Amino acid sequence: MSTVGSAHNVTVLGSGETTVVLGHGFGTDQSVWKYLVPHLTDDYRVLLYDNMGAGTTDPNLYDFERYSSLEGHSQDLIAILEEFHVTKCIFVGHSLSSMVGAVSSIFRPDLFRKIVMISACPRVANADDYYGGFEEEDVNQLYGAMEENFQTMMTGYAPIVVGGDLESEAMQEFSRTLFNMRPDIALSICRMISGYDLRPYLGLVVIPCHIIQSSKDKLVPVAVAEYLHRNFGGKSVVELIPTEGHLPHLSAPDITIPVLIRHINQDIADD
C-alpha cells in the first residue's frame, strides 16, 4: 500500500525491538546485502531499501533537481523510517547511503542510534590535508568522458569497483545492476556524488560511527577511514577488511560479514 515503501522497494525481515536499516551504494541495490541478512533476522527487525535512481526503481520518480543534492536522498530515508515506524535504528549504510544516513542523523537524531558504514567517503576529490585518492581535475575529466561514451566508461567502472581479480560473483552481479540504471539517471547520481563535500559537516555527526572498509579500495583509500575517525563529532571506531574492492560484503562475505555483525552488536565505550 505504502507509496514510499513501493517506491524504494522496502523489504522487512525478521523481528526485534531494535531495527537494522540496510542501505546500498551506487551501481547496486538492496540485493548487495544478501549475505548479511540471514545473520540478523533472529535478533533484529531488518529493513532494506533501494536508493531512488537505482535500476530497480521507477525512473519517473527520479527528480533530477531534488536528487542533484545529497539532502534529497536524506529526505527519502527519513520518510522511509517514519513510514515503517523506525526509531533509534542501527543504520548500516554502504558508501553513498552511509553519507545519506550521516546527514539524516543530524536532521533527525531520534531516528538513529548509531551508524555502521562501509566504504564511506565524505569527498571524492583530493584537497589540502585531505586525500580522497583522486585529483579534482581528473575527476572532472572522467565525468566528462562518462557523458560522451557512457557504455565504455561503465564497462571499465565495474572492475574498478569490484576490485582485484577477477571475473567473479561480485563482478557479474555488480555489472548487471550497474547497467539496469537509466544512463541519464546514473550520470546524475555521479555528478551529485563527485560534487558533494561532507567535511565541514563531519563534526556535526555526533552519534557513534563504525567505520568499515577494505584495505585495498581504489575508490576509497585507507586515509579516508582515518580521516573520518578523526573528524566525526562523537564516538567512532575503525576496522579494515583484509580484502580488495568497494563491495567487500558481496565480494568477500566470509571475512566481511563477521566484522559487520560484530560492529552492529558491539557498542563503543565512553571517552
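In this text, residue numbers run from 1 along the sequence as written.
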query	finding
Stretch exceeding the other in mean C-alpha B-factor - 144-152, 102-110	144-152
Comparing 195-203 with 126-134, the one whose average Cα B-factor in the PDB entry is higher	126-134
Options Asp29, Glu239, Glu226, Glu65 - largest CA temperature factor per the record	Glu65
Residue with maximal Cα B-factor (values as given in the PDB entry) among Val116, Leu178, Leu166, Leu96	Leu166
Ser214 - Cα temperature factor, lowest/middle/highest third of chain	lowest
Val220 CA temperature factor, ranked by third within the chain	lowest
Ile268 CA temperature factor, ranked by third within the chain	middle
Third assignment of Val139 from its chain's C-alpha B-factors	highest
Record-listed C-alpha B factor of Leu48: chain third	lowest
